[PDB]
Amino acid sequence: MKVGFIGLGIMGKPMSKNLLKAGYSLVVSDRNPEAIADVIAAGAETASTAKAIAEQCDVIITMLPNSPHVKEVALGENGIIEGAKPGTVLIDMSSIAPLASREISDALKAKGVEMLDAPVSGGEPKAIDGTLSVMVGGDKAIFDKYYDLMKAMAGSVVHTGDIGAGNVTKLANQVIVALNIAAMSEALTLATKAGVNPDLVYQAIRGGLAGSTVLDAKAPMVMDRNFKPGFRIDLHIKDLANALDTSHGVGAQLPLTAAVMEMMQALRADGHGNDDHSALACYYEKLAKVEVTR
């Protein structure tokens, strides 16, 4: 097993380093040569194209921002499909529209290339420490074959259905993450405006029914004025767009997501698109005229 890994960003880079630590041999690529250099310094090899990675690796992980990027890497000129022999597996760990996962899977299947959609959750801290949750769609046999590989980056790896089900699960995930952040922001801004120190609020509630992974990850960032990604608002906008599109296709009911989407549009318009999604707090701060600080 040489394992391909394409996309060495905020999530991808630490994930690849966990695979190296677990003893896997990697051939890596990214648009940033410095990101490649960092991962080769940890033990990886590299190649000049996705096609060349696919020529050398029986399994390839992608960790990319959106469907256009995955489509270019998987299907485009010098892409995976041009180098992959029948039986090669793509594990796309990107968060992309479920329809796009299915489209890319069908295109790869025509060449005999298999695919799992295995997006993740846990944020940069859990990408680093290897305790991500992974949620996967595709064939059970392929899931079972690469469970250990995926588990080397993760605290949990769960099969959720056929191809695309990983990304459907990730849409549900991203609805929860956005709303949990917004809810934290709404509540902390209320308490601050009403004259109670939000750090004492955080300490007081974190152990009860209001406790969450978002609360412990993001309340400190907000109060310390640290909005460095992390996970950019612009990427969360793409995920909510996908969630809303899916909801409108199947007739689900997404009122709170629809509201938080408009908040994120306001944040993007006010220069916060490249901030961590904890910057949802800044929306509330600006409307309530108070800052949530230590």
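Position 1 is the first residue in the sequence shown; the rest follow in order.
- Comparing the deposited coordinates for 13-21 and 271-279, the stretch with the larger average C-alpha B-factor is 13-21.
- When the mean C-alpha temperature factors of 53-61 and 232-240 are read from the deposited coordinates, 53-61 comes out higher.
- The residue among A47, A252, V260, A266 whose C-alpha carries the highest B-factor in the deposited model is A47.
- Per the deposited coordinates, the residue with the largest Cα temperature factor out of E186, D216, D92, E72 is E72.
- Ranked against the other modelled residues of its chain, the C-alpha B-factor of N78 as given in the entry falls in the highest third.
- In the PDB entry, a CA B factor belonging to the highest third of its chain's modelled residues is recorded for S29.
- Placement of the Cα temperature factor of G130 within the chain: highest third of the modelled residues, per the deposited record.
- In the deposited entry, the Cα temperature factor of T88 places it in the highest third of its chain's modelled residues.
- Among the modelled residues of its chain, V292 has a C-alpha B-factor that falls in the middle third according to the deposited record.
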